[PDB]
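Below are the chains, spelled out letter by letter.
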Amino acid sequence: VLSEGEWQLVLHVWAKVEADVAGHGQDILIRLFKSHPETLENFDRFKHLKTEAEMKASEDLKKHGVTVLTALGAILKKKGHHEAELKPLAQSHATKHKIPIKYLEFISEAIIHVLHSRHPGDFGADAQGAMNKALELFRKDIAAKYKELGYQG
Ligand code: HEM
């Protein structure tokens, strides 16, 4: 369970993301795909993309990054009270998309990497620790829902 102070560190960097969620989403999805190419294969929608340049030029990838980060932001703004937001997400990701917890760990790493690069002013060590805790909580709760839904993750 995060403290209020930790949540405030999370939300203060998220405020920066929200200056340009689209650009942040591009960087995060591209970092995920570059660092863990098997994750790209998981997206039938995107797996044709061959290069970072093609990724950057895809309007469709940009749209999806906005969707992803806005969903995550809505979860983070609940400060742990995210049951309602996690239900549909866990169901789609367990049963339609089939995303293992290890891949949610990979996107978490990509989020931390991009925030660390873009936001040294709001992403020092304590802030990164807080974000890690928030993403750990998200993954813990999603993995519990995966169980309940019949997916090992
Ligand atoms: C922070 C973690 C993530 C969030 C918040 C998130 C959010 C979303 C949202 C909101 C959608 C659209 C609605 C839905 O289907 O549920 C979606 C779709 C999808 N997600 Fe995620 N996602 C996350 C991580 C991942 C990861 C790590 C992968 C794969 C490695 C993945 C694969 C997919 C796929 C395949 C779709 C469908 C894309 C399409 O064909 O339109 N997601 N995600």
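Residues numbered from 1 in each chain as written, not as in the entry; some residues may be left out. Heavy atoms only, no water.

In terms of determination method and resolution, the entry is listed under X-ray crystallography at 1.241 Å.

J.: I'd like a description of the UniProt feature "domain: Globin" in the chain, backed by residues and values.
T.: According to UniProt, the feature "domain: Globin" maps to residues 1-147 in the numbering used here. What you have in residues 1-147 is 78% helix and 0% strand, and the ends, taken at the C-alpha atoms, are 21 Å apart. (UniProt positions renumbered as here; feature names shortened; annotations may be inferred. Helix = DSSP H or I, 4+ residues; strand = E, 2+ residues; numbered from the N terminus.)

J.: Can you explain the nonpolar core? Please cite residues and give values.
T.: Counting residues in hydrophobic clusters, the biggest one holds 33 residues, and the most contacted among them are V10, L61, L76 and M131. Listing elements by their share of this core, those giving two or more residues are helix 1 (4-17), helix 2 (21-35), helix 5 (59-77), helix 7 (101-118) and helix 8 (125-149). Here the element with the most residues in this core is helix 7; it accounts for seven residues. Core analysis: the next-biggest nonpolar cluster, separate from the first, contains eleven residues, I75, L86, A94 and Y146 among them. (Core = buried A, V, L, I, M, F, W, Y, C linked by side-chain atoms within 4.5 Å. Buried < 20%, exposed > 50% of the residue type's maximum accessible area, 1.4 Å probe, protein only.)

J.: Just give me the short version of the coordination of the iron atom of the ligand, but keep the residues and values in it.
T.: Among protein atoms, the single one acting as a donor to the iron atom of the ligand is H93 (NE2), 2.1 Å away. Looking at the element boundaries, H93 is found in helix 6 (residues 83-97). (Donors = N, O, S within 2.8 Å, 3.2 Å for Na, K, Ca; no water.)

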